[PDB]
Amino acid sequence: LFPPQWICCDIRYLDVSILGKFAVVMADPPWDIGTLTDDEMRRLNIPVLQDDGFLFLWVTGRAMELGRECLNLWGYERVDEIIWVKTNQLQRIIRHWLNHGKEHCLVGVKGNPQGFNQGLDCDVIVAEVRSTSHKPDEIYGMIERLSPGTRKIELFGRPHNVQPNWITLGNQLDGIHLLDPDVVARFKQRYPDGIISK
């Protein structure tokens, strides 16, 4: 259901089967380059979140390789790689061996998605650094034009990430805010006392 929804939770322990299926998954995970170990990242129950659709996965450093590993382990094929060129308010680049002017977002596909608007946007984003750790808001527009009106889910999102058509998961969100009747019903059953442990 259209308006933003979110679950404050530990993504390692939430039973995500209650959430249903999504046209798009996005994650800006805390790779161990509070972080998650490689094994914890590998063990995330991504496979149950989609049958046919796309994954957007931010990577940096050795997670350029580890994120590819997770991607394939979760059942995705990497079919694009978005590059975010980091600028200031005057559109100049924010300048080990080389200075880094960009961040990478791997794009995975699972199944055979039908009815997506592939090819409308290009794979370079030019956008201003806001806070440290934030990713540009432009990615939501790209994803919306790609798959308009469909259900989407973000993992490790923060309050600024909540968006219409998105369910946002993360341990820095404020409580639980669910409005999709299917999801509310399955959440009550799975978590009658509202507690997400173990």
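Residue numbers run from 1 along the displayed sequence.
Engineer: State whether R95, though modelled here, is left unmodelled in a third or more of the other entries compared.
Structural biologist: Yes, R95 lacks coordinates in at least a third of the other compared entries.
Engineer: Counting only residues that lack coordinates, how big is the gap in the deposited sequence between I33 and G34? Pick none, 1 to 3, 4 to 9 or 10 or more.
Structural biologist: Going from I33 to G34, the model skips 4 to 9 residues of the deposited sequence.
Engineer: Going by the mean C-alpha B-factor recorded in the entry, which is higher: 76 to 84 or 96 to 104?
Structural biologist: On average, C-alpha B-factors are higher across 96 to 104.
Engineer: Quick check on the record: does 6 to 14 or 186 to 194 carry the larger mean Cα temperature factor?
Structural biologist: If you average the C-alpha B-factors of 186 to 194 and of 6 to 14, the larger mean comes out for 186 to 194.
Engineer: From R145, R68, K152, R130, pick the one with the largest CA B-factor in the entry?
Structural biologist: Comparing C-alpha B-factors across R145, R68, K152, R130, the maximum falls on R130.
Engineer: Going by the entry, which third of its chain does the Cα temperature factor of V109 land in?
Structural biologist: Tercile = lowest for this residue's CA B-factor.
Engineer: By its CA B factor, does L90 count among the lowest, middle or highest third of the modelled residues in the chain?
Structural biologist: Within its chain, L90 is a highest-third residue by C-alpha B-factor, going by the deposited values.
Engineer: Can you tell me which third, lowest, middle or highest, the CA B-factor of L179 falls into for its chain?
Structural biologist: Within its chain, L179 is a highest-third residue by C-alpha B-factor, going by the deposited values.
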